[PDB]
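Here's coords_25.cif, which has mmCIF, N, CA, C and O atoms:
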data_my_file
#
loop_
_atom_site.label_atom_id
_atom_site.label_comp_id
_atom_site.auth_asym_id
_atom_site.auth_seq_id
_atom_site.Cartn_x
_atom_site.Cartn_y
_atom_site.Cartn_z
N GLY N 1645 0.83 -1.25 0.00
CA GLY N 1645 0.00 0.00 0.00
C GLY N 1645 0.84 1.27 0.00
O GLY N 1645 1.91 1.31 0.61
N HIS N 1646 0.37 2.32 -0.68
CA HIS N 1646 1.12 3.58 -0.75
C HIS N 1646 0.26 4.83 -0.49
O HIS N 1646 -0.98 4.79 -0.59
N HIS N 1647 0.93 5.94 -0.19
CA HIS N 1647 0.24 7.20 0.09
C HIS N 1647 -0.57 7.70 -1.10
O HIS N 1647 -0.15 7.58 -2.25
N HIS N 1648 -1.72 8.28 -0.81
CA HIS N 1648 -2.59 8.83 -1.84
C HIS N 1648 -2.80 10.29 -1.50
O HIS N 1648 -2.98 10.62 -0.33
N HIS N 1649 -2.79 11.17 -2.49
CA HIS N 1649 -3.05 12.57 -2.23
C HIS N 1649 -4.34 12.90 -2.94
O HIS N 1649 -4.42 12.79 -4.16
N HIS N 1650 -5.36 13.27 -2.18
CA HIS N 1650 -6.66 13.61 -2.74
C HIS N 1650 -6.76 15.10 -2.87
O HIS N 1650 -6.67 15.84 -1.89
N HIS N 1651 -6.97 15.56 -4.10
CA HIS N 1651 -7.10 17.00 -4.34
C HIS N 1651 -8.53 17.29 -4.74
O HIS N 1651 -9.09 16.60 -5.58
N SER N 1652 -9.10 18.31 -4.12
CA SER N 1652 -10.47 18.79 -4.38
C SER N 1652 -10.17 20.26 -4.57
O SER N 1652 -9.95 20.98 -3.59
N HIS N 1653 -10.16 20.69 -5.82
CA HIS N 1653 -9.81 22.06 -6.16
C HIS N 1653 -10.97 22.72 -6.89
O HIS N 1653 -11.58 22.09 -7.74
N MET N 1654 -11.29 23.96 -6.54
CA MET N 1654 -12.37 24.70 -7.18
C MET N 1654 -11.83 26.09 -7.46
O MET N 1654 -11.04 26.61 -6.67
N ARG N 1655 -12.23 26.69 -8.58
CA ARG N 1655 -11.77 28.03 -8.93
C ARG N 1655 -12.80 28.81 -9.72
O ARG N 1655 -13.55 28.23 -10.52
N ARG N 1656 -12.86 30.11 -9.48
CA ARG N 1656 -13.79 30.97 -10.20
C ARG N 1656 -12.97 32.10 -10.77
O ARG N 1656 -12.40 32.89 -10.02
N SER N 1657 -12.89 32.18 -12.08
CA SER N 1657 -12.12 33.25 -12.68
C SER N 1657 -12.99 34.00 -13.67
O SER N 1657 -14.06 33.54 -14.06
N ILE N 1658 -12.52 35.18 -14.06
CA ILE N 1658 -13.24 36.02 -14.99
C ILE N 1658 -12.28 36.50 -16.07
O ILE N 1658 -11.15 36.91 -15.79
N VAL N 1659 -12.73 36.44 -17.32
CA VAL N 1659 -11.89 36.89 -18.42
C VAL N 1659 -12.59 38.02 -19.20
O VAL N 1659 -13.81 37.98 -19.43
N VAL N 1660 -11.84 39.06 -19.57
CA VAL N 1660 -12.40 40.20 -20.31
C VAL N 1660 -11.99 40.16 -21.78
O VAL N 1660 -10.82 40.32 -22.10
N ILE N 1661 -12.97 39.99 -22.66
CA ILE N 1661 -12.72 39.91 -24.09
C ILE N 1661 -12.41 41.26 -24.74
O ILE N 1661 -13.18 42.22 -24.62
N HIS N 1662 -11.29 41.33 -25.44
CA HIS N 1662 -10.91 42.56 -26.11
C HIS N 1662 -11.85 42.77 -27.29
O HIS N 1662 -12.10 41.85 -28.07
N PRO N 1663 -12.39 43.99 -27.44
CA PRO N 1663 -13.32 44.33 -28.53
C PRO N 1663 -12.76 44.12 -29.93
O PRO N 1663 -13.50 43.79 -30.86
N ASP N 1664 -11.46 44.30 -30.07
CA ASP N 1664 -10.80 44.17 -31.36
C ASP N 1664 -10.09 42.83 -31.56
O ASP N 1664 -10.49 42.03 -32.41
N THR N 1665 -9.06 42.57 -30.77
CA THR N 1665 -8.33 41.31 -30.91
C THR N 1665 -9.14 40.12 -30.39
O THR N 1665 -8.73 38.97 -30.54
N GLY N 1666 -10.30 40.40 -29.79
CA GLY N 1666 -11.14 39.34 -29.27
C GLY N 1666 -10.40 38.44 -28.29
O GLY N 1666 -10.93 37.41 -27.87
N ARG N 1667 -9.19 38.84 -27.92
CA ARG N 1667 -8.34 38.09 -27.01
C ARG N 1667 -8.90 38.09 -25.59
O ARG N 1667 -9.57 39.05 -25.19
N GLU N 1668 -8.65 37.00 -24.85
CA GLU N 1668 -9.12 36.89 -23.47
C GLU N 1668 -8.11 37.58 -22.55
O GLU N 1668 -6.93 37.22 -22.53
N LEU N 1669 -8.58 38.57 -21.80
CA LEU N 1669 -7.71 39.30 -20.89
C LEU N 1669 -8.08 39.06 -19.44
O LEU N 1669 -9.25 38.83 -19.12
N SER N 1670 -7.09 39.12 -18.56
CA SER N 1670 -7.36 38.94 -17.15
C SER N 1670 -7.77 40.32 -16.66
O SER N 1670 -7.34 41.34 -17.21
N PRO N 1671 -8.64 40.37 -15.64
CA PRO N 1671 -9.07 41.67 -15.13
C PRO N 1671 -7.86 42.60 -15.03
O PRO N 1671 -7.93 43.79 -15.33
N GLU N 1672 -6.74 42.02 -14.63
CA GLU N 1672 -5.50 42.76 -14.49
C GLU N 1672 -5.05 43.38 -15.82
O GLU N 1672 -4.79 44.59 -15.90
N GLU N 1673 -4.95 42.55 -16.86
CA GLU N 1673 -4.52 43.00 -18.18
C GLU N 1673 -5.51 43.96 -18.84
O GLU N 1673 -5.11 44.86 -19.58
N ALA N 1674 -6.80 43.74 -18.58
CA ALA N 1674 -7.85 44.59 -19.13
C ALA N 1674 -7.63 45.99 -18.59
O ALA N 1674 -7.69 46.98 -19.34
N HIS N 1675 -7.36 46.06 -17.29
CA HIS N 1675 -7.10 47.34 -16.63
C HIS N 1675 -5.90 48.06 -17.22
O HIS N 1675 -5.89 49.28 -17.30
N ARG N 1676 -4.87 47.32 -17.62
CA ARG N 1676 -3.70 47.96 -18.22
C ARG N 1676 -3.96 48.34 -19.68
O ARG N 1676 -3.26 49.18 -20.26
N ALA N 1677 -4.98 47.72 -20.26
CA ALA N 1677 -5.34 47.99 -21.65
C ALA N 1677 -6.45 49.01 -21.66
O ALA N 1677 -7.06 49.27 -22.69
N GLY N 1678 -6.72 49.58 -20.49
CA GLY N 1678 -7.76 50.59 -20.36
C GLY N 1678 -9.16 50.12 -20.69
O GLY N 1678 -10.05 50.95 -20.90
N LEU N 1679 -9.38 48.82 -20.75
CA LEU N 1679 -10.71 48.34 -21.07
C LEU N 1679 -11.65 48.43 -19.88
O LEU N 1679 -12.87 48.30 -20.04
N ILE N 1680 -11.09 48.66 -18.70
CA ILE N 1680 -11.88 48.79 -17.47
C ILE N 1680 -11.18 49.69 -16.46
O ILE N 1680 -9.95 49.72 -16.38
N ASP N 1681 -11.98 50.41 -15.68
CA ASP N 1681 -11.47 51.33 -14.67
C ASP N 1681 -11.19 50.61 -13.37
O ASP N 1681 -11.78 49.57 -13.08
N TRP N 1682 -10.31 51.20 -12.57
CA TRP N 1682 -9.92 50.63 -11.29
C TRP N 1682 -11.01 49.98 -10.41
O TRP N 1682 -10.81 48.89 -9.89
N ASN N 1683 -12.16 50.63 -10.24
CA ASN N 1683 -13.21 50.07 -9.40
C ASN N 1683 -13.93 48.86 -9.99
O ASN N 1683 -14.50 48.06 -9.25
N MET N 1684 -13.92 48.74 -11.31
CA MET N 1684 -14.56 47.59 -11.95
C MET N 1684 -13.56 46.45 -11.81
O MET N 1684 -13.93 45.27 -11.71
N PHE N 1685 -12.29 46.83 -11.79
CA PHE N 1685 -11.18 45.90 -11.65
C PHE N 1685 -11.30 45.23 -10.29
O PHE N 1685 -11.28 44.01 -10.18
N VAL N 1686 -11.42 46.06 -9.25
CA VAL N 1686 -11.58 45.57 -7.88
C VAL N 1686 -12.84 44.71 -7.83
O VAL N 1686 -12.80 43.55 -7.40
N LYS N 1687 -13.95 45.29 -8.27
CA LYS N 1687 -15.21 44.57 -8.29
C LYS N 1687 -15.01 43.20 -8.89
O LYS N 1687 -15.37 42.19 -8.29
N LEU N 1688 -14.43 43.16 -10.09
CA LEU N 1688 -14.20 41.89 -10.78
C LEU N 1688 -13.41 40.88 -9.96
O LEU N 1688 -13.79 39.71 -9.89
N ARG N 1689 -12.31 41.34 -9.37
CA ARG N 1689 -11.43 40.52 -8.53
C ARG N 1689 -12.19 39.89 -7.36
O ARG N 1689 -12.09 38.68 -7.13
N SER N 1690 -12.94 40.71 -6.63
CA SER N 1690 -13.72 40.26 -5.48
C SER N 1690 -14.61 39.07 -5.84
O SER N 1690 -15.15 38.39 -4.96
N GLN N 1691 -14.79 38.85 -7.14
CA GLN N 1691 -15.62 37.75 -7.63
C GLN N 1691 -14.81 36.50 -7.95
O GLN N 1691 -15.38 35.47 -8.31
N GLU N 1692 -13.49 36.61 -7.86
CA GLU N 1692 -12.63 35.47 -8.14
C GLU N 1692 -12.25 34.81 -6.82
O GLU N 1692 -12.19 35.46 -5.78
N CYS N 1693 -12.01 33.51 -6.86
CA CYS N 1693 -11.60 32.76 -5.68
C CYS N 1693 -10.99 31.46 -6.16
O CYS N 1693 -11.38 30.92 -7.20
N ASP N 1694 -10.01 30.98 -5.41
CA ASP N 1694 -9.31 29.76 -5.77
C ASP N 1694 -9.03 28.97 -4.49
O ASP N 1694 -8.15 29.36 -3.71
N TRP N 1695 -9.78 27.90 -4.26
CA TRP N 1695 -9.56 27.05 -3.08
C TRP N 1695 -9.20 25.62 -3.48
O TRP N 1695 -9.72 25.09 -4.46
N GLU N 1696 -8.31 25.00 -2.71
CA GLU N 1696 -7.89 23.63 -2.97
C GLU N 1696 -7.74 22.90 -1.64
O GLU N 1696 -7.06 23.36 -0.73
N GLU N 1697 -8.41 21.75 -1.52
CA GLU N 1697 -8.35 20.95 -0.30
C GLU N 1697 -7.57 19.68 -0.61
O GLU N 1697 -7.91 18.94 -1.52
N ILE N 1698 -6.52 19.43 0.16
CA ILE N 1698 -5.70 18.25 -0.06
C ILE N 1698 -5.64 17.29 1.13
O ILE N 1698 -5.06 17.60 2.18
N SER N 1699 -6.26 16.12 0.95
CA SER N 1699 -6.27 15.08 1.97
C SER N 1699 -5.16 14.08 1.72
O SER N 1699 -5.20 13.34 0.74
N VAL N 1700 -4.15 14.06 2.59
CA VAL N 1700 -3.07 13.09 2.48
C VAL N 1700 -3.59 11.81 3.11
O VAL N 1700 -3.86 11.77 4.31
N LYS N 1701 -3.75 10.76 2.33
CA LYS N 1701 -4.25 9.52 2.89
C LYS N 1701 -3.10 8.56 2.95
O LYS N 1701 -2.63 8.06 1.93
N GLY N 1702 -2.63 8.30 4.17
CA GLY N 1702 -1.50 7.41 4.35
C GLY N 1702 -1.73 6.24 5.28
O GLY N 1702 -2.81 5.64 5.33
N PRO N 1703 -0.69 5.88 6.04
CA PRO N 1703 -0.70 4.78 7.00
C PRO N 1703 -1.36 5.14 8.32
O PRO N 1703 -2.11 4.34 8.87
N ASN N 1704 -1.07 6.35 8.81
CA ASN N 1704 -1.64 6.81 10.07
C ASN N 1704 -3.15 6.97 9.91
O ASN N 1704 -3.94 6.57 10.77
N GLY N 1705 -3.54 7.57 8.78
CA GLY N 1705 -4.94 7.80 8.49
C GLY N 1705 -4.97 9.00 7.58
O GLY N 1705 -4.05 9.16 6.78
N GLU N 1706 -5.99 9.86 7.68
CA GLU N 1706 -6.05 11.02 6.81
C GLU N 1706 -5.73 12.35 7.47
O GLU N 1706 -6.28 12.71 8.50
N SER N 1707 -4.79 13.06 6.87
CA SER N 1707 -4.34 14.37 7.30
C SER N 1707 -4.97 15.30 6.25
O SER N 1707 -5.03 14.93 5.09
N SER N 1708 -5.44 16.48 6.62
CA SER N 1708 -6.05 17.33 5.60
C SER N 1708 -5.89 18.83 5.77
O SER N 1708 -6.10 19.38 6.86
N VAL N 1709 -5.55 19.50 4.68
CA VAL N 1709 -5.33 20.94 4.69
C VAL N 1709 -6.05 21.61 3.52
O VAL N 1709 -6.06 21.08 2.42
N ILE N 1710 -6.67 22.76 3.77
CA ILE N 1710 -7.36 23.49 2.70
C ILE N 1710 -6.64 24.82 2.47
O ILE N 1710 -6.40 25.58 3.41
N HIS N 1711 -6.28 25.09 1.22
CA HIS N 1711 -5.55 26.30 0.87
C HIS N 1711 -6.33 27.32 0.06
O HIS N 1711 -7.00 26.98 -0.92
N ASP N 1712 -6.20 28.57 0.45
CA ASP N 1712 -6.84 29.68 -0.24
C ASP N 1712 -5.77 30.12 -1.24
O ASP N 1712 -4.86 30.87 -0.90
N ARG N 1713 -5.87 29.65 -2.48
CA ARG N 1713 -4.88 30.00 -3.50
C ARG N 1713 -4.84 31.48 -3.90
O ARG N 1713 -3.88 31.93 -4.52
N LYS N 1714 -5.87 32.23 -3.54
CA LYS N 1714 -5.94 33.64 -3.88
C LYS N 1714 -5.23 34.49 -2.84
O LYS N 1714 -4.53 35.43 -3.20
N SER N 1715 -5.42 34.16 -1.57
CA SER N 1715 -4.81 34.91 -0.46
C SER N 1715 -3.48 34.34 0.00
O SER N 1715 -2.60 35.07 0.46
N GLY N 1716 -3.33 33.03 -0.11
CA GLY N 1716 -2.10 32.39 0.31
C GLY N 1716 -2.20 31.85 1.73
O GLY N 1716 -1.18 31.52 2.35
N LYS N 1717 -3.42 31.77 2.25
CA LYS N 1717 -3.63 31.26 3.59
C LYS N 1717 -3.99 29.78 3.55
O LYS N 1717 -4.64 29.32 2.61
N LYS N 1718 -3.58 29.05 4.58
CA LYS N 1718 -3.85 27.61 4.69
C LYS N 1718 -4.58 27.28 6.00
O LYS N 1718 -4.42 27.96 7.00
N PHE N 1719 -5.37 26.22 5.98
CA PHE N 1719 -6.11 25.85 7.17
C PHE N 1719 -6.17 24.35 7.45
O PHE N 1719 -6.82 23.60 6.71
N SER N 1720 -5.49 23.92 8.52
CA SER N 1720 -5.51 22.51 8.92
C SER N 1720 -6.94 22.13 9.29
O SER N 1720 -7.63 22.91 9.94
N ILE N 1721 -7.40 20.96 8.88
CA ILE N 1721 -8.76 20.54 9.20
C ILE N 1721 -8.80 20.00 10.64
O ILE N 1721 -9.74 20.27 11.39
N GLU N 1722 -7.78 19.23 11.01
CA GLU N 1722 -7.70 18.69 12.36
C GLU N 1722 -7.66 19.88 13.31
O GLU N 1722 -8.28 19.87 14.37
N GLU N 1723 -6.93 20.92 12.93
CA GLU N 1723 -6.83 22.12 13.76
C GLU N 1723 -8.16 22.86 13.81
O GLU N 1723 -8.39 23.66 14.71
N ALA N 1724 -9.04 22.59 12.85
CA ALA N 1724 -10.35 23.24 12.81
C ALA N 1724 -11.33 22.42 13.63
O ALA N 1724 -12.25 22.97 14.23
N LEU N 1725 -11.16 21.11 13.64
CA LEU N 1725 -12.04 20.25 14.43
C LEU N 1725 -11.70 20.47 15.92
O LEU N 1725 -12.58 20.67 16.75
N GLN N 1726 -10.41 20.44 16.23
CA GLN N 1726 -9.94 20.64 17.59
C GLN N 1726 -10.45 21.98 18.14
O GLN N 1726 -11.14 22.02 19.15
N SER N 1727 -10.13 23.08 17.45
CA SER N 1727 -10.54 24.42 17.88
C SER N 1727 -12.05 24.65 17.81
O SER N 1727 -12.56 25.69 18.23
N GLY N 1728 -12.76 23.67 17.25
CA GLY N 1728 -14.21 23.76 17.16
C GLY N 1728 -14.85 24.55 16.02
O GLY N 1728 -16.07 24.53 15.90
N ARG N 1729 -14.06 25.24 15.20
CA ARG N 1729 -14.66 26.00 14.09
C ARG N 1729 -15.34 25.04 13.11
O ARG N 1729 -16.09 25.46 12.23
N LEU N 1730 -15.08 23.75 13.26
CA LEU N 1730 -15.68 22.76 12.39
C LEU N 1730 -16.22 21.61 13.25
O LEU N 1730 -15.49 21.06 14.07
N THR N 1731 -17.49 21.26 13.07
CA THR N 1731 -18.09 20.19 13.85
C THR N 1731 -17.95 18.87 13.12
O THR N 1731 -18.09 18.81 11.91
N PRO N 1732 -17.69 17.78 13.86
CA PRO N 1732 -17.56 16.48 13.19
C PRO N 1732 -18.84 16.10 12.46
O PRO N 1732 -18.91 15.06 11.82
N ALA N 1733 -19.85 16.95 12.57
CA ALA N 1733 -21.12 16.71 11.88
C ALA N 1733 -20.99 17.23 10.45
O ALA N 1733 -21.47 16.60 9.50
N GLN N 1734 -20.33 18.38 10.33
CA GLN N 1734 -20.09 19.02 9.03
C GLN N 1734 -18.91 18.34 8.30
O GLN N 1734 -18.97 18.15 7.08
N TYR N 1735 -17.86 17.97 9.04
CA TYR N 1735 -16.72 17.31 8.43
C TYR N 1735 -17.21 16.05 7.74
O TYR N 1735 -16.79 15.72 6.63
N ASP N 1736 -18.12 15.35 8.40
CA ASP N 1736 -18.67 14.14 7.83
C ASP N 1736 -19.38 14.39 6.52
O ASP N 1736 -19.38 13.54 5.64
N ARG N 1737 -19.98 15.55 6.39
CA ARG N 1737 -20.66 15.86 5.15
C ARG N 1737 -19.62 16.02 4.06
O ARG N 1737 -19.77 15.47 2.97
N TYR N 1738 -18.56 16.77 4.35
CA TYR N 1738 -17.51 16.97 3.36
C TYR N 1738 -16.94 15.62 2.95
O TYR N 1738 -16.92 15.27 1.77
N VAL N 1739 -16.48 14.87 3.94
CA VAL N 1739 -15.91 13.55 3.68
C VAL N 1739 -16.83 12.71 2.79
O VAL N 1739 -16.37 12.06 1.86
N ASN N 1740 -18.13 12.74 3.08
CA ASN N 1740 -19.10 11.97 2.29
C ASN N 1740 -19.49 12.64 0.99
O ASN N 1740 -20.45 12.23 0.34
N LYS N 1741 -18.74 13.67 0.63
CA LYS N 1741 -18.97 14.44 -0.60
C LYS N 1741 -20.34 15.10 -0.68
O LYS N 1741 -20.98 15.09 -1.73
N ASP N 1742 -20.80 15.67 0.43
CA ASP N 1742 -22.09 16.36 0.44
C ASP N 1742 -21.92 17.81 0.87
O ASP N 1742 -22.88 18.50 1.20
N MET N 1743 -20.67 18.26 0.84
CA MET N 1743 -20.32 19.62 1.18
C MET N 1743 -19.23 20.08 0.22
O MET N 1743 -18.19 19.44 0.09
N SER N 1744 -19.49 21.19 -0.46
CA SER N 1744 -18.55 21.74 -1.42
C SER N 1744 -17.28 22.23 -0.78
O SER N 1744 -17.18 22.42 0.43
N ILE N 1745 -16.29 22.47 -1.63
CA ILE N 1745 -15.01 22.96 -1.18
C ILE N 1745 -15.25 24.35 -0.62
O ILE N 1745 -14.68 24.71 0.40
N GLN N 1746 -16.11 25.12 -1.27
CA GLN N 1746 -16.38 26.47 -0.79
C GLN N 1746 -17.12 26.47 0.56
O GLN N 1746 -16.75 27.24 1.45
N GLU N 1747 -18.13 25.62 0.72
CA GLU N 1747 -18.88 25.56 1.99
C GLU N 1747 -17.93 25.22 3.13
O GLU N 1747 -18.06 25.74 4.24
N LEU N 1748 -16.96 24.35 2.85
CA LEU N 1748 -15.96 23.97 3.85
C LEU N 1748 -14.95 25.09 4.08
O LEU N 1748 -14.44 25.27 5.18
N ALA N 1749 -14.64 25.83 3.02
CA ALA N 1749 -13.70 26.93 3.13
C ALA N 1749 -14.27 27.91 4.14
O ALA N 1749 -13.63 28.23 5.14
N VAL N 1750 -15.49 28.35 3.89
CA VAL N 1750 -16.17 29.29 4.78
C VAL N 1750 -16.15 28.88 6.24
O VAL N 1750 -15.95 29.73 7.11
N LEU N 1751 -16.38 27.61 6.52
CA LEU N 1751 -16.41 27.12 7.90
C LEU N 1751 -15.09 27.37 8.62
O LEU N 1751 -15.06 28.00 9.69
N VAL N 1752 -14.01 26.90 8.02
CA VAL N 1752 -12.70 27.06 8.63
C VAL N 1752 -12.08 28.45 8.45
O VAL N 1752 -11.38 28.90 9.35
N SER N 1753 -12.32 29.12 7.30
CA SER N 1753 -11.74 30.46 7.02
C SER N 1753 -12.45 31.62 7.72
O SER N 1753 -11.86 32.31 8.53
N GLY N 1754 -13.71 31.85 7.39
CA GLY N 1754 -14.45 32.94 7.99
C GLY N 1754 -15.59 33.57 7.20
O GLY N 1754 -15.43 33.84 6.00
#

Mind turning this structure into structure tokens?
Amino acid sequence: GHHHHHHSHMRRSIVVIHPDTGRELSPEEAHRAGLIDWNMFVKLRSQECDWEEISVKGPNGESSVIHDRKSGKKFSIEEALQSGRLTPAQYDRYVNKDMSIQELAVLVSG
């Protein structure tokens, strides 16, 4: 038997189409191309999110960490169960695939 790494990754991105080159631009690039003003840029960003949950399944059992790829913050699940921000009632839903990566993010993140 060998270690398994379970990745549950979800992402929401937005692309801005150039009127002429029809090229896909990132809110960032659109802003530099003057296709959008600073506040629409912020607005657009606030709508993006990138979360990834990685369950290391080994010999001891399952270790699990969820990462906010947008902010760079990480959250131990065991550390969330211990500290109580996550109830073994909700963890069970995630484990049983009845809770999204985002619903779980919110629980442990804020």

Fewer than 6 positions away in the same chain doesn't count, so skip those; otherwise give me all residues within 8 Å of range 1722-1735 of chain N, counting only C-alpha atoms, as a compact mmCIF listing (two decimals) with N, CA, C and O atoms, in the frame of the given file.
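And here's part.txt as it stands now:
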# COMPACT_ATOMS: atom_id res chain seq x y z
N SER N 1707 -4.79 13.06 6.87
CA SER N 1707 -4.34 14.37 7.30
C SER N 1707 -4.97 15.30 6.25
O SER N 1707 -5.03 14.93 5.09
N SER N 1708 -5.44 16.48 6.62
CA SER N 1708 -6.05 17.33 5.60
C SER N 1708 -5.89 18.83 5.77
O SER N 1708 -6.10 19.38 6.86
N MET N 1743 -20.67 18.26 0.84
CA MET N 1743 -20.32 19.62 1.18
C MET N 1743 -19.23 20.08 0.22
O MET N 1743 -18.19 19.44 0.09
N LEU N 1751 -16.38 27.61 6.52
CA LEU N 1751 -16.41 27.12 7.90
C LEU N 1751 -15.09 27.37 8.62
O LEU N 1751 -15.06 28.00 9.69
N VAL N 1752 -14.01 26.90 8.02
CA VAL N 1752 -12.70 27.06 8.63
C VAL N 1752 -12.08 28.45 8.45
O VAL N 1752 -11.38 28.90 9.35

For this session: List the residues selected by the PyMOL selection byres (((chain N and resi 1656-1664 and name CA) around 10) and name CA) in the file shown, writing them as a list in words.
Result: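 Output from the PyMOL selection byres (((chain N and resi 1656-1664 and name CA) around 10) and name CA), applied to this file: residues 1654, 1655, 1665, 1666, 1667, 1668, 1669, 1670, 1671, 1672, 1673, 1674, 1675, 1677, 1679, 1680, 1688, 1689, 1691, 1692, 1693, 1694 and 1695 of chain N.
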
Now that the selection is made, can you save its residues with N, CA, C and O atoms as an mmCIF file, in the coordinates of the input?
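Result file again.cif:
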data_model
loop_
_atom_site.group_PDB
_atom_site.id
_atom_site.type_symbol
_atom_site.label_atom_id
_atom_site.label_comp_id
_atom_site.auth_asym_id
_atom_site.auth_seq_id
_atom_site.Cartn_x
_atom_site.Cartn_y
_atom_site.Cartn_z
ATOM 1 N N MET N 1654 -11.290 23.960 -6.540
ATOM 2 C CA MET N 1654 -12.370 24.700 -7.180
ATOM 3 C C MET N 1654 -11.830 26.090 -7.460
ATOM 4 O O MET N 1654 -11.040 26.610 -6.670
ATOM 5 N N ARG N 1655 -12.230 26.690 -8.580
ATOM 6 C CA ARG N 1655 -11.770 28.030 -8.930
ATOM 7 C C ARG N 1655 -12.800 28.810 -9.720
ATOM 8 O O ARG N 1655 -13.550 28.230 -10.520
ATOM 9 N N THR N 1665 -9.060 42.570 -30.770
ATOM 10 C CA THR N 1665 -8.330 41.310 -30.910
ATOM 11 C C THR N 1665 -9.140 40.120 -30.390
ATOM 12 O O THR N 1665 -8.730 38.970 -30.540
ATOM 13 N N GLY N 1666 -10.300 40.400 -29.790
ATOM 14 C CA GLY N 1666 -11.140 39.340 -29.270
ATOM 15 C C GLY N 1666 -10.400 38.440 -28.290
ATOM 16 O O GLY N 1666 -10.930 37.410 -27.870
ATOM 17 N N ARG N 1667 -9.190 38.840 -27.920
ATOM 18 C CA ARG N 1667 -8.340 38.090 -27.010
ATOM 19 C C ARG N 1667 -8.900 38.090 -25.590
ATOM 20 O O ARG N 1667 -9.570 39.050 -25.190
ATOM 21 N N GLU N 1668 -8.650 37.000 -24.850
ATOM 22 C CA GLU N 1668 -9.120 36.890 -23.470
ATOM 23 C C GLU N 1668 -8.110 37.580 -22.550
ATOM 24 O O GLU N 1668 -6.930 37.220 -22.530
ATOM 25 N N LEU N 1669 -8.580 38.570 -21.800
ATOM 26 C CA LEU N 1669 -7.710 39.300 -20.890
ATOM 27 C C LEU N 1669 -8.080 39.060 -19.440
ATOM 28 O O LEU N 1669 -9.250 38.830 -19.120
ATOM 29 N N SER N 1670 -7.090 39.120 -18.560
ATOM 30 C CA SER N 1670 -7.360 38.940 -17.150
ATOM 31 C C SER N 1670 -7.770 40.320 -16.660
ATOM 32 O O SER N 1670 -7.340 41.340 -17.210
ATOM 33 N N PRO N 1671 -8.640 40.370 -15.640
ATOM 34 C CA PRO N 1671 -9.070 41.670 -15.130
ATOM 35 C C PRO N 1671 -7.860 42.600 -15.030
ATOM 36 O O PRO N 1671 -7.930 43.790 -15.330
ATOM 37 N N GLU N 1672 -6.740 42.020 -14.630
ATOM 38 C CA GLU N 1672 -5.500 42.760 -14.490
ATOM 39 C C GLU N 1672 -5.050 43.380 -15.820
ATOM 40 O O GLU N 1672 -4.790 44.590 -15.900
ATOM 41 N N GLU N 1673 -4.950 42.550 -16.860
ATOM 42 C CA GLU N 1673 -4.520 43.000 -18.180
ATOM 43 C C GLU N 1673 -5.510 43.960 -18.840
ATOM 44 O O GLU N 1673 -5.110 44.860 -19.580
ATOM 45 N N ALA N 1674 -6.800 43.740 -18.580
ATOM 46 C CA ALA N 1674 -7.850 44.590 -19.130
ATOM 47 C C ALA N 1674 -7.630 45.990 -18.590
ATOM 48 O O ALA N 1674 -7.690 46.980 -19.340
ATOM 49 N N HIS N 1675 -7.360 46.060 -17.290
ATOM 50 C CA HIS N 1675 -7.100 47.340 -16.630
ATOM 51 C C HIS N 1675 -5.900 48.060 -17.220
ATOM 52 O O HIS N 1675 -5.890 49.280 -17.300
ATOM 53 N N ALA N 1677 -4.980 47.720 -20.260
ATOM 54 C CA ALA N 1677 -5.340 47.990 -21.650
ATOM 55 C C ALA N 1677 -6.450 49.010 -21.660
ATOM 56 O O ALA N 1677 -7.060 49.270 -22.690
ATOM 57 N N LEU N 1679 -9.380 48.820 -20.750
ATOM 58 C CA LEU N 1679 -10.710 48.340 -21.070
ATOM 59 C C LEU N 1679 -11.650 48.430 -19.880
ATOM 60 O O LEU N 1679 -12.870 48.300 -20.040
ATOM 61 N N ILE N 1680 -11.090 48.660 -18.700
ATOM 62 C CA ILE N 1680 -11.880 48.790 -17.470
ATOM 63 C C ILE N 1680 -11.180 49.690 -16.460
ATOM 64 O O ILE N 1680 -9.950 49.720 -16.380
ATOM 65 N N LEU N 1688 -14.430 43.160 -10.090
ATOM 66 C CA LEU N 1688 -14.200 41.890 -10.780
ATOM 67 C C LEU N 1688 -13.410 40.880 -9.960
ATOM 68 O O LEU N 1688 -13.790 39.710 -9.890
ATOM 69 N N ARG N 1689 -12.310 41.340 -9.370
ATOM 70 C CA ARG N 1689 -11.430 40.520 -8.530
ATOM 71 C C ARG N 1689 -12.190 39.890 -7.360
ATOM 72 O O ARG N 1689 -12.090 38.680 -7.130
ATOM 73 N N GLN N 1691 -14.790 38.850 -7.140
ATOM 74 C CA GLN N 1691 -15.620 37.750 -7.630
ATOM 75 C C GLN N 1691 -14.810 36.500 -7.950
ATOM 76 O O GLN N 1691 -15.380 35.470 -8.310
ATOM 77 N N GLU N 1692 -13.490 36.610 -7.860
ATOM 78 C CA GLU N 1692 -12.630 35.470 -8.140
ATOM 79 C C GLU N 1692 -12.250 34.810 -6.820
ATOM 80 O O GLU N 1692 -12.190 35.460 -5.780
ATOM 81 N N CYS N 1693 -12.010 33.510 -6.860
ATOM 82 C CA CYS N 1693 -11.600 32.760 -5.680
ATOM 83 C C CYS N 1693 -10.990 31.460 -6.160
ATOM 84 O O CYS N 1693 -11.380 30.920 -7.200
ATOM 85 N N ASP N 1694 -10.010 30.980 -5.410
ATOM 86 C CA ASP N 1694 -9.310 29.760 -5.770
ATOM 87 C C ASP N 1694 -9.030 28.970 -4.490
ATOM 88 O O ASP N 1694 -8.150 29.360 -3.710
ATOM 89 N N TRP N 1695 -9.780 27.900 -4.260
ATOM 90 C CA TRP N 1695 -9.560 27.050 -3.080
ATOM 91 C C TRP N 1695 -9.200 25.620 -3.480
ATOM 92 O O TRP N 1695 -9.720 25.090 -4.460
#

For this session: Could you give me, as a list in words, each residue of range 1683-1720 of chain N that DSSP assigns to strand (DSSP E) when run on this structure's backbone?
Result: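 Matching residues for strand (DSSP E) in range 1683-1720 of chain N are residues 1693, 1694, 1695, 1696, 1697, 1698, 1699, 1700, 1701, 1706, 1707, 1708, 1709, 1710, 1711, 1712, 1717, 1718, 1719 and 1720 of chain N.
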
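Those residues returned by the PyMOL selection byres (((chain N and resi 1646 and name CA) around 9) and name CA) for this file are residues 1645, 1647, 1648, 1701, 1702 and 1703 of chain N.
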